[PDB]
file my_file15.cif (mmCIF, N, CA and C atoms)
data_entry
loop_
_atom_site.group_PDB
_atom_site.id
_atom_site.type_symbol
_atom_site.label_atom_id
_atom_site.label_comp_id
_atom_site.auth_asym_id
_atom_site.auth_seq_id
_atom_site.Cartn_x
_atom_site.Cartn_y
_atom_site.Cartn_z
ATOM 1 N N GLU A 1 -55.694 -18.775 -42.411
ATOM 2 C CA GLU A 1 -55.441 -17.999 -43.629
ATOM 3 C C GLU A 1 -54.524 -16.799 -43.334
ATOM 4 N N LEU A 2 -53.332 -17.090 -42.771
ATOM 5 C CA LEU A 2 -52.315 -16.118 -42.364
ATOM 6 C C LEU A 2 -50.980 -16.831 -42.102
ATOM 7 N N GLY A 3 -49.894 -16.248 -42.607
ATOM 8 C CA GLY A 3 -48.543 -16.760 -42.415
ATOM 9 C C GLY A 3 -47.932 -16.201 -41.149
ATOM 10 N N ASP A 4 -47.021 -15.224 -41.297
ATOM 11 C CA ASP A 4 -46.365 -14.552 -40.170
ATOM 12 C C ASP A 4 -46.736 -13.057 -40.088
ATOM 13 N N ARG A 5 -47.998 -12.728 -40.438
ATOM 14 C CA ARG A 5 -48.527 -11.362 -40.378
ATOM 15 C C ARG A 5 -48.838 -11.041 -38.918
ATOM 16 N N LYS A 6 -48.133 -10.045 -38.357
ATOM 17 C CA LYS A 6 -48.275 -9.648 -36.954
ATOM 18 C C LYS A 6 -47.983 -8.161 -36.719
ATOM 19 N N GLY A 7 -48.511 -7.650 -35.611
ATOM 20 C CA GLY A 7 -48.317 -6.284 -35.141
ATOM 21 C C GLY A 7 -47.564 -6.271 -33.822
ATOM 22 N N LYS A 8 -47.274 -5.071 -33.293
ATOM 23 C CA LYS A 8 -46.556 -4.915 -32.021
ATOM 24 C C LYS A 8 -47.010 -3.697 -31.220
ATOM 25 N N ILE A 9 -47.085 -3.839 -29.887
ATOM 26 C CA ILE A 9 -47.506 -2.769 -28.975
ATOM 27 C C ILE A 9 -46.543 -2.599 -27.796
ATOM 28 N N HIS A 10 -46.245 -1.337 -27.417
ATOM 29 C CA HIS A 10 -45.369 -1.011 -26.284
ATOM 30 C C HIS A 10 -46.040 -1.422 -24.979
ATOM 31 N N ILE A 11 -45.261 -1.995 -24.049
ATOM 32 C CA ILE A 11 -45.784 -2.491 -22.773
ATOM 33 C C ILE A 11 -45.345 -1.708 -21.528
ATOM 34 N N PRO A 12 -46.246 -1.515 -20.525
ATOM 35 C CA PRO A 12 -45.843 -0.775 -19.320
ATOM 36 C C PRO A 12 -44.961 -1.582 -18.359
ATOM 37 N N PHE A 13 -44.485 -0.915 -17.290
ATOM 38 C CA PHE A 13 -43.632 -1.446 -16.219
ATOM 39 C C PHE A 13 -42.270 -2.020 -16.683
ATOM 40 N N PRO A 14 -41.344 -1.192 -17.225
ATOM 41 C CA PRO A 14 -40.042 -1.741 -17.643
ATOM 42 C C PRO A 14 -39.058 -1.911 -16.486
ATOM 43 N N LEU A 15 -38.011 -2.730 -16.695
ATOM 44 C CA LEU A 15 -36.976 -2.967 -15.691
ATOM 45 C C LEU A 15 -35.955 -1.827 -15.715
ATOM 46 N N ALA A 16 -35.621 -1.300 -14.541
ATOM 47 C CA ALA A 16 -34.659 -0.209 -14.437
ATOM 48 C C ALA A 16 -33.846 -0.313 -13.151
ATOM 49 N N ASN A 17 -32.547 -0.050 -13.255
ATOM 50 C CA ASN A 17 -31.658 -0.115 -12.102
ATOM 51 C C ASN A 17 -31.932 1.001 -11.098
ATOM 52 N N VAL A 18 -32.081 0.627 -9.832
ATOM 53 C CA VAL A 18 -32.348 1.594 -8.774
ATOM 54 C C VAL A 18 -31.441 1.358 -7.570
ATOM 55 N N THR A 19 -31.809 1.943 -6.435
ATOM 56 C CA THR A 19 -31.030 1.798 -5.211
ATOM 57 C C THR A 19 -31.874 1.205 -4.088
ATOM 58 N N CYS A 20 -31.278 0.293 -3.326
ATOM 59 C CA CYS A 20 -31.972 -0.352 -2.218
ATOM 60 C C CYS A 20 -31.216 -0.162 -0.908
ATOM 61 N N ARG A 21 -31.956 0.111 0.162
ATOM 62 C CA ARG A 21 -31.356 0.316 1.475
ATOM 63 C C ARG A 21 -31.385 -0.967 2.300
ATOM 64 N N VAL A 22 -30.210 -1.546 2.525
ATOM 65 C CA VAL A 22 -30.098 -2.776 3.299
ATOM 66 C C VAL A 22 -29.605 -2.495 4.714
ATOM 67 N N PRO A 23 -29.224 -3.552 5.425
ATOM 68 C CA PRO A 23 -28.730 -3.420 6.798
ATOM 69 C C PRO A 23 -27.303 -3.938 6.940
ATOM 70 N N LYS A 24 -26.776 -3.910 8.160
ATOM 71 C CA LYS A 24 -25.421 -4.381 8.420
ATOM 72 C C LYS A 24 -25.376 -5.277 9.652
ATOM 73 N N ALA A 25 -24.584 -6.341 9.576
ATOM 74 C CA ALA A 25 -24.449 -7.279 10.684
ATOM 75 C C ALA A 25 -23.945 -6.579 11.941
ATOM 76 N N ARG A 26 -24.411 -7.041 13.098
ATOM 77 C CA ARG A 26 -24.008 -6.461 14.373
ATOM 78 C C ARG A 26 -22.573 -6.839 14.721
ATOM 79 N N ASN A 27 -21.832 -5.884 15.275
ATOM 80 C CA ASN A 27 -20.443 -6.115 15.654
ATOM 81 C C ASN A 27 -20.303 -7.241 16.674
ATOM 82 N N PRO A 28 -19.324 -8.113 16.455
ATOM 83 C CA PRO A 28 -19.079 -9.246 17.363
ATOM 84 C C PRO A 28 -18.223 -8.897 18.578
ATOM 85 N N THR A 29 -18.276 -9.750 19.623
ATOM 86 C CA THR A 29 -17.496 -9.586 20.850
ATOM 87 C C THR A 29 -16.037 -9.926 20.517
ATOM 88 N N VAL A 30 -15.186 -8.889 20.463
ATOM 89 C CA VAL A 30 -13.771 -9.015 20.113
ATOM 90 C C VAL A 30 -12.828 -8.944 21.329
ATOM 91 N N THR A 31 -11.962 -9.966 21.468
ATOM 92 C CA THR A 31 -10.962 -10.091 22.534
ATOM 93 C C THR A 31 -9.598 -10.384 21.909
ATOM 94 N N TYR A 32 -8.585 -9.576 22.256
ATOM 95 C CA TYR A 32 -7.228 -9.707 21.715
ATOM 96 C C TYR A 32 -6.319 -10.602 22.557
ATOM 97 N N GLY A 33 -5.353 -11.229 21.886
ATOM 98 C CA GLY A 33 -4.362 -12.118 22.490
ATOM 99 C C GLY A 33 -3.003 -12.024 21.820
ATOM 100 N N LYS A 34 -2.058 -12.883 22.248
ATOM 101 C CA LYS A 34 -0.690 -12.939 21.721
ATOM 102 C C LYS A 34 -0.699 -13.391 20.252
ATOM 103 N N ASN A 35 -0.584 -12.412 19.325
ATOM 104 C CA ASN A 35 -0.586 -12.582 17.861
ATOM 105 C C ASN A 35 -1.843 -13.280 17.304
ATOM 106 N N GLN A 36 -2.970 -13.190 18.041
ATOM 107 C CA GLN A 36 -4.250 -13.802 17.669
ATOM 108 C C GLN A 36 -5.466 -12.953 18.052
ATOM 109 N N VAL A 37 -6.557 -13.087 17.274
ATOM 110 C CA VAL A 37 -7.816 -12.369 17.481
ATOM 111 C C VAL A 37 -8.996 -13.349 17.642
ATOM 112 N N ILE A 38 -9.803 -13.157 18.704
ATOM 113 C CA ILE A 38 -10.958 -14.007 19.018
ATOM 114 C C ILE A 38 -12.261 -13.232 18.788
ATOM 115 N N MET A 39 -13.175 -13.809 17.987
ATOM 116 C CA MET A 39 -14.466 -13.204 17.655
ATOM 117 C C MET A 39 -15.636 -14.112 18.023
ATOM 118 N N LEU A 40 -16.622 -13.563 18.753
ATOM 119 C CA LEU A 40 -17.838 -14.272 19.146
ATOM 120 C C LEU A 40 -18.963 -13.792 18.222
ATOM 121 N N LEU A 41 -19.186 -14.537 17.127
ATOM 122 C CA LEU A 41 -20.172 -14.203 16.095
ATOM 123 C C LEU A 41 -21.592 -14.654 16.445
ATOM 124 N N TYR A 42 -22.532 -13.693 16.471
ATOM 125 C CA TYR A 42 -23.947 -13.919 16.763
ATOM 126 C C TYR A 42 -24.814 -13.478 15.558
ATOM 127 N N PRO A 43 -24.968 -14.340 14.525
ATOM 128 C CA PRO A 43 -25.754 -13.932 13.349
ATOM 129 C C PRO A 43 -27.254 -14.192 13.464
ATOM 130 N N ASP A 44 -28.061 -13.222 13.001
ATOM 131 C CA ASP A 44 -29.523 -13.303 12.992
ATOM 132 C C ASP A 44 -29.981 -14.051 11.733
ATOM 133 N N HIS A 45 -29.210 -13.899 10.642
ATOM 134 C CA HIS A 45 -29.423 -14.499 9.321
ATOM 135 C C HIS A 45 -28.067 -14.986 8.748
ATOM 136 N N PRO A 46 -28.012 -15.858 7.693
ATOM 137 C CA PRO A 46 -26.699 -16.299 7.172
ATOM 138 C C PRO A 46 -25.790 -15.144 6.740
ATOM 139 N N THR A 47 -24.707 -14.935 7.510
ATOM 140 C CA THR A 47 -23.731 -13.860 7.316
ATOM 141 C C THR A 47 -22.375 -14.430 6.870
ATOM 142 N N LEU A 48 -21.781 -13.832 5.818
ATOM 143 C CA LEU A 48 -20.493 -14.256 5.265
ATOM 144 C C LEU A 48 -19.304 -13.615 5.988
ATOM 145 N N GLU B 1 12.716 26.050 18.462
ATOM 146 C CA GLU B 1 13.269 27.391 18.650
ATOM 147 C C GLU B 1 14.463 27.391 19.607
ATOM 148 N N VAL B 2 15.567 28.045 19.197
ATOM 149 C CA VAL B 2 16.803 28.169 19.982
ATOM 150 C C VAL B 2 17.102 29.643 20.325
ATOM 151 N N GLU B 3 17.916 29.895 21.372
ATOM 152 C CA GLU B 3 18.266 31.258 21.790
ATOM 153 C C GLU B 3 19.750 31.445 22.126
ATOM 154 N N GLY B 4 20.229 30.731 23.143
ATOM 155 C CA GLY B 4 21.616 30.798 23.589
ATOM 156 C C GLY B 4 21.996 29.603 24.433
ATOM 157 N N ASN B 5 22.224 29.835 25.735
ATOM 158 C CA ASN B 5 22.561 28.780 26.690
ATOM 159 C C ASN B 5 21.249 28.233 27.263
ATOM 160 N N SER B 6 20.718 27.162 26.633
ATOM 161 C CA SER B 6 19.453 26.527 27.021
ATOM 162 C C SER B 6 19.403 25.021 26.708
ATOM 163 N N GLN B 7 18.204 24.413 26.823
ATOM 164 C CA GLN B 7 17.954 22.990 26.568
ATOM 165 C C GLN B 7 16.668 22.757 25.751
ATOM 166 N N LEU B 8 16.466 21.514 25.265
ATOM 167 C CA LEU B 8 15.294 21.120 24.478
ATOM 168 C C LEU B 8 14.866 19.670 24.747
ATOM 169 N N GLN B 9 13.546 19.431 24.855
ATOM 170 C CA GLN B 9 12.988 18.097 25.095
ATOM 171 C C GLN B 9 12.368 17.536 23.813
ATOM 172 N N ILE B 10 12.829 16.345 23.388
ATOM 173 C CA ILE B 10 12.345 15.674 22.175
ATOM 174 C C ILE B 10 11.827 14.257 22.426
ATOM 175 N N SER B 11 10.778 13.862 21.681
ATOM 176 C CA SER B 11 10.163 12.537 21.745
ATOM 177 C C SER B 11 10.702 11.674 20.599
ATOM 178 N N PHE B 12 11.153 10.447 20.906
ATOM 179 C CA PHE B 12 11.707 9.545 19.895
ATOM 180 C C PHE B 12 11.179 8.111 19.964
ATOM 181 N N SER B 13 11.117 7.439 18.794
ATOM 182 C CA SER B 13 10.659 6.058 18.654
ATOM 183 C C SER B 13 11.780 5.176 18.101
ATOM 184 N N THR B 14 11.997 4.010 18.741
ATOM 185 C CA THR B 14 13.019 3.025 18.369
ATOM 186 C C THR B 14 12.577 1.585 18.684
ATOM 187 N N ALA B 15 13.256 0.592 18.081
ATOM 188 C CA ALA B 15 12.967 -0.830 18.281
ATOM 189 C C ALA B 15 14.057 -1.527 19.102
ATOM 190 N N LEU B 16 15.313 -1.055 18.974
ATOM 191 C CA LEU B 16 16.491 -1.594 19.666
ATOM 192 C C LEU B 16 16.457 -1.343 21.172
ATOM 193 N N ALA B 17 17.024 -2.284 21.955
ATOM 194 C CA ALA B 17 17.126 -2.183 23.411
ATOM 195 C C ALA B 17 18.262 -1.219 23.768
ATOM 196 N N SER B 18 19.429 -1.385 23.117
ATOM 197 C CA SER B 18 20.600 -0.527 23.283
ATOM 198 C C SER B 18 20.643 0.386 22.060
ATOM 199 N N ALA B 19 20.294 1.668 22.255
ATOM 200 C CA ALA B 19 20.241 2.636 21.162
ATOM 201 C C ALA B 19 21.251 3.776 21.269
ATOM 202 N N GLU B 20 22.242 3.767 20.365
ATOM 203 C CA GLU B 20 23.269 4.797 20.241
ATOM 204 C C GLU B 20 22.981 5.503 18.920
ATOM 205 N N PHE B 21 22.413 6.718 19.002
ATOM 206 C CA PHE B 21 21.987 7.486 17.835
ATOM 207 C C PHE B 21 22.445 8.942 17.820
ATOM 208 N N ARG B 22 22.682 9.473 16.605
ATOM 209 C CA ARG B 22 23.114 10.854 16.374
ATOM 210 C C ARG B 22 21.933 11.725 15.948
ATOM 211 N N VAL B 23 21.719 12.850 16.656
ATOM 212 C CA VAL B 23 20.634 13.798 16.380
ATOM 213 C C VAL B 23 21.230 15.078 15.788
ATOM 214 N N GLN B 24 20.797 15.440 14.570
ATOM 215 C CA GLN B 24 21.271 16.634 13.884
ATOM 216 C C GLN B 24 20.359 17.831 14.167
ATOM 217 N N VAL B 25 20.761 18.670 15.129
ATOM 218 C CA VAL B 25 20.027 19.882 15.485
ATOM 219 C C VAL B 25 20.684 21.016 14.699
ATOM 220 N N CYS B 26 19.902 21.667 13.811
ATOM 221 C CA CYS B 26 20.326 22.728 12.890
ATOM 222 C C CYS B 26 21.356 22.172 11.893
ATOM 223 N N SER B 27 22.663 22.428 12.115
ATOM 224 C CA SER B 27 23.754 21.950 11.256
ATOM 225 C C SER B 27 24.833 21.172 12.031
ATOM 226 N N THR B 28 24.700 21.095 13.370
ATOM 227 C CA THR B 28 25.635 20.402 14.264
ATOM 228 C C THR B 28 25.005 19.111 14.819
ATOM 229 N N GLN B 29 25.813 18.041 14.954
ATOM 230 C CA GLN B 29 25.366 16.736 15.452
ATOM 231 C C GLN B 29 25.741 16.463 16.914
ATOM 232 N N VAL B 30 24.900 15.675 17.615
ATOM 233 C CA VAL B 30 25.076 15.276 19.019
ATOM 234 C C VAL B 30 24.792 13.768 19.203
ATOM 235 N N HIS B 31 25.643 13.069 19.982
ATOM 236 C CA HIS B 31 25.505 11.636 20.259
ATOM 237 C C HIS B 31 24.600 11.397 21.471
ATOM 238 N N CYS B 32 23.578 10.536 21.303
ATOM 239 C CA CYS B 32 22.625 10.174 22.353
ATOM 240 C C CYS B 32 22.784 8.718 22.778
ATOM 241 N N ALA B 33 22.932 8.491 24.095
ATOM 242 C CA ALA B 33 23.067 7.164 24.688
ATOM 243 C C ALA B 33 21.766 6.803 25.407
ATOM 244 N N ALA B 34 21.131 5.692 24.991
ATOM 245 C CA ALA B 34 19.863 5.235 25.561
ATOM 246 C C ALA B 34 19.790 3.724 25.739
ATOM 247 N N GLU B 35 19.244 3.290 26.891
ATOM 248 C CA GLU B 35 19.040 1.885 27.238
ATOM 249 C C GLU B 35 17.529 1.674 27.414
ATOM 250 N N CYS B 36 16.827 1.520 26.281
ATOM 251 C CA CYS B 36 15.375 1.353 26.219
ATOM 252 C C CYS B 36 14.907 -0.006 26.731
ATOM 253 N N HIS B 37 13.717 -0.032 27.357
ATOM 254 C CA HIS B 37 13.127 -1.227 27.963
ATOM 255 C C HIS B 37 11.918 -1.784 27.190
ATOM 256 N N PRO B 38 11.569 -3.092 27.330
ATOM 257 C CA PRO B 38 10.435 -3.637 26.563
ATOM 258 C C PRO B 38 9.058 -3.129 27.007
ATOM 259 N N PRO B 39 8.066 -3.027 26.087
ATOM 260 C CA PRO B 39 6.733 -2.557 26.499
ATOM 261 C C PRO B 39 5.859 -3.672 27.076
ATOM 262 N N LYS B 40 4.747 -3.290 27.734
ATOM 263 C CA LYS B 40 3.810 -4.232 28.356
ATOM 264 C C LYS B 40 3.013 -5.078 27.352
ATOM 265 N N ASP B 41 2.727 -4.525 26.156
ATOM 266 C CA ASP B 41 1.954 -5.205 25.114
ATOM 267 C C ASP B 41 2.838 -5.768 24.004
ATOM 268 N N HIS B 42 2.551 -7.012 23.583
ATOM 269 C CA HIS B 42 3.263 -7.716 22.514
ATOM 270 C C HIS B 42 2.683 -7.386 21.133
ATOM 271 N N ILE B 43 1.363 -7.110 21.072
ATOM 272 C CA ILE B 43 0.641 -6.766 19.845
ATOM 273 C C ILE B 43 0.084 -5.339 19.968
ATOM 274 N N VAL B 44 0.336 -4.507 18.944
ATOM 275 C CA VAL B 44 -0.087 -3.105 18.870
ATOM 276 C C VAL B 44 -1.211 -2.894 17.823
ATOM 277 N N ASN B 45 -2.000 -1.806 17.961
ATOM 278 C CA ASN B 45 -3.120 -1.483 17.069
ATOM 279 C C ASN B 45 -2.825 -0.396 16.006
ATOM 280 N N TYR B 46 -1.536 -0.055 15.796
ATOM 281 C CA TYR B 46 -1.092 0.943 14.807
ATOM 282 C C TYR B 46 0.263 0.579 14.171
ATOM 283 N N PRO B 47 0.450 0.802 12.838
ATOM 284 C CA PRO B 47 1.726 0.449 12.202
ATOM 285 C C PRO B 47 2.850 1.465 12.451
ATOM 286 N N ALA B 48 4.109 1.007 12.315
ATOM 287 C CA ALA B 48 5.312 1.817 12.517
ATOM 288 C C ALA B 48 6.402 1.521 11.474
ATOM 289 N N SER B 49 7.446 2.378 11.425
ATOM 290 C CA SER B 49 8.584 2.251 10.511
ATOM 291 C C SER B 49 9.491 1.079 10.908
#
call {"tool": "encode", "arguments": {"input": "my_file15.cif", "output": "structure tokens"}}
result
Amino acid sequence: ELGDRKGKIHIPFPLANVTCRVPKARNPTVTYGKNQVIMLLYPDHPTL
Amino acid sequence: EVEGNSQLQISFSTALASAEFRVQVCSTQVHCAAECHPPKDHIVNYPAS
């Protein structure tokens, strides 16, 4: 015995943009050559 | 700085092996003769003109 009769209440914990502290990949073993650069990459996790 | 009868030491950069260049000190020009030699490294870590 009701159609679309409804109420509304405000809800806690909203989404908000913040700041996160991440890390940085370790520097690779770099060796120079004639117009070329050689890098020995050692990643702990998938690194781009 | 200049005074009278003296000399001056200057540092210069070039790419040519045989370099004939004019240096304008104050308002008068002087001809410089230089036979530059190749460097030990083929690849450098800083840009130039």
call {"tool": "interface_residues", "arguments": {"input": "my_file15.cif", "of": "chain A", "to": "chain B", "cutoff": "10 Å", "atoms": "only C-alpha atoms", "output": "ChimeraX atom specification"}}
result
/A:32-36
call {"tool": "atom_distance", "arguments": {"input": "my_file15.cif", "atom1": "atom N of residue 42 in chain A", "atom2": "CA of residue 28 in chain A"}}
result
5.7 Å
call {"tool": "select_by_dssp", "arguments": {"input": "my_file15.cif", "residues": "chain A", "states": "strand (DSSP E)", "output": "PyMOL selection string"}}
result
chain A and resi 29-33+36-40
call {"tool": "atom_distance", "arguments": {"input": "my_file15.cif", "atom1": "atom C of residue 30 in chain A", "atom2": "atom C of residue 48 in chain B"}}
result
24.0 Å
call {"tool": "closest_residue", "arguments": {"input": "my_file15.cif", "among": "B:6, B:37, B:45, B:32", "to": "residue 19 in chain B", "atoms": "all atoms listed in the file"}}
result
B:32
call {"tool": "atom_distance", "arguments": {"input": "my_file15.cif", "atom1": "CA of residue 26 in chain A", "atom2": "CA of residue 43 in chain A"}}
result
7.7 Å
call {"tool": "residues_around", "arguments": {"input": "my_file15.cif", "residues": "residue 31 in chain B", "least_positions_apart": "4", "cutoff": "9 Å", "atoms": "only C-alpha atoms", "output": "PyMOL selection string"}}
result
chain B and resi 20-23
call {"tool": "axis_aligned_box", "arguments": {"input": "my_file15.cif", "around": "range 30-42 of chain B", "padding_each_side": "3 Å", "output": "JSON"}}
result
{"center_x": 13.8, "center_y": 4.0, "center_z": 23.0, "size_x": 29.7, "size_y": 29.4, "size_z": 16.7}
